[PDB]
Structure formats: C-alpha cells, structure tokens
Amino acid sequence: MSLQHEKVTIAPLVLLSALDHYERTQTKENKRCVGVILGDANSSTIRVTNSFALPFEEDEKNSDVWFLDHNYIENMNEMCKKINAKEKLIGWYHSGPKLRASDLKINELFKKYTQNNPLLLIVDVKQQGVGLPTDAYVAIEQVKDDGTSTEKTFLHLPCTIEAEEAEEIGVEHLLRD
C-alpha cells in the first residue's frame, strides 16, 4: 500500500566521515565533496552506518559537467566487502548544503552499484541551523497527473542520528567538557 522506505538513521561516524572528507580535500565553500554510503537498506528504515570518500570534480559554473571516478567506486567497495560484508553499498553523499541540478544524473550512476533504489544523503558540513544537518532523498519516477507523462524526482525521507553502543560511548567520551 505504501512505499517501503519511510525513515533513515545515520551513524555519527558517517557524519564525521563526511566532515573529515570535506576538510581534508580543503573544499572551497562553493565546492562540494562526494562519496559512498554503506549500511542496510532492506527494512522500512534505511540504516546508514559507514562511508568512504570518492574522487569527484565538477564545473563551478555548469551542472551537466562533472567527473565521478567509476573505477574508484568498484575498487574501494570491494575492499570494504572483505572487511565487512554486512555494510552494503546503499547510495551516496555530498556536502550540500542542498540538492544540486546534477544530483539526479549522478544518482542514476549509483543505481548500478546498489541492490535497491539508491539513497542520497546530504551532510551540511557548515552546520547552519538548528535541526539535523542531514537530508535524505531517494529518486522515484512519478506519473504526473498528465496522466501518461512521468517526472523523475527526489523523494525526501526524514532523518535521525542513531548510534550503536560503541559509537555512543565514543561520542559521550568526546563530549567530555
């Protein structure tokens, strides 16, 4: 009756990983970093638990123009597979702050690597505002009330930060002062 994916939880480590990626590539405020997210996307709730950075470059001025290293995705994910088979490739992330005209085309690229409709996680690394610096999206193709035409579009999913016991210990430790 209803879509399967209704909710998303993100591990703290994922958020800190996106932030470390953006910092270490010294991404200029106009620029953004892009990577992969891993986890479990079979239950209603999508669990984002790990991630890794991608080589990614784009034209500051135009949207259609970008490079995403196909070979790196394949290489790094197989590495991850050896270390942890539970964390499967479920989508991608970028540093935002918001959706960009190129994200639907970039998302189609990840459909090759995910067993399900990919999940796009934006992590607003500059953390402006109250409320989580995360927004989750899955692309769907909706039949516009034409009623035969369609319109490929990002569907928003609400987010929460959920930590395992180990991450909860680490975070409360880090938040010591």
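One-based numbering along the sequence shown. Whichever C-alpha set is largest while still superposing within 1.5 Å between the two forms counts as the rigid core.
Asks: Using RMS Cα distance over all structures and residues, flag whichever of 45-53 and 58-66 lies farther from this form in 6 other deposited structures of this protein after a core fit.
Replies: Larger mean C-alpha displacement, comparing 45-53 and 58-66 in 6 other deposited structures of this protein, is found in 58-66.
Asks: At least a third of the other compared entries lacking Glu151?
Replies: It is, since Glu151 is left out of at least a third of the other entries that model both flanking stretches.
Asks: Comparing 58-66 with 43-51, which stretch shows the greater average C-alpha B-factor in the deposited entry?
Replies: It is 58-66 that shows the higher mean C-alpha B-factor.
Asks: Pick between 11-19 and 164-172: the one whose mean CA B-factor in the entry is higher.
Replies: Taking the mean B-factor of the alpha carbons in each, 164-172 is higher.
Asks: Sort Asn117, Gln26, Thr134, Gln127 by C-alpha B-factor from the entry and give me just the highest.
Replies: Max CA B-factor in the entry, restricted to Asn117, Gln26, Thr134, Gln127: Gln26.
Asks: Lowest, middle or highest third: where is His94 by C-alpha B factor in its chain?
Replies: Ranked within chain, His94 CA B lands in the lowest tercile.
Asks: Based on the deposited C-alpha B factors for this chain, I'd like to know if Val36 is in the lowest, middle or highest third.
Replies: Bottom third by C-alpha B-factor.
Asks: Among the modelled residues of this chain, does the Cα B factor of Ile122 put it in the lowest, middle or highest third?
Replies: Within its chain, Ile122 is a lowest-third residue by C-alpha B-factor, going by the deposited values.
Asks: Once the chain's modelled residues are ordered by C-alpha B factor and cut into thirds, is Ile73 in the lowest, middle or highest one?
Replies: Middle third of the chain for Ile73's C-alpha B-factor.
Asks: Pull the Cα B-factor of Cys80 out of the PDB entry and bin it into the chain's lowest, middle or highest third.
Replies: Middle third.
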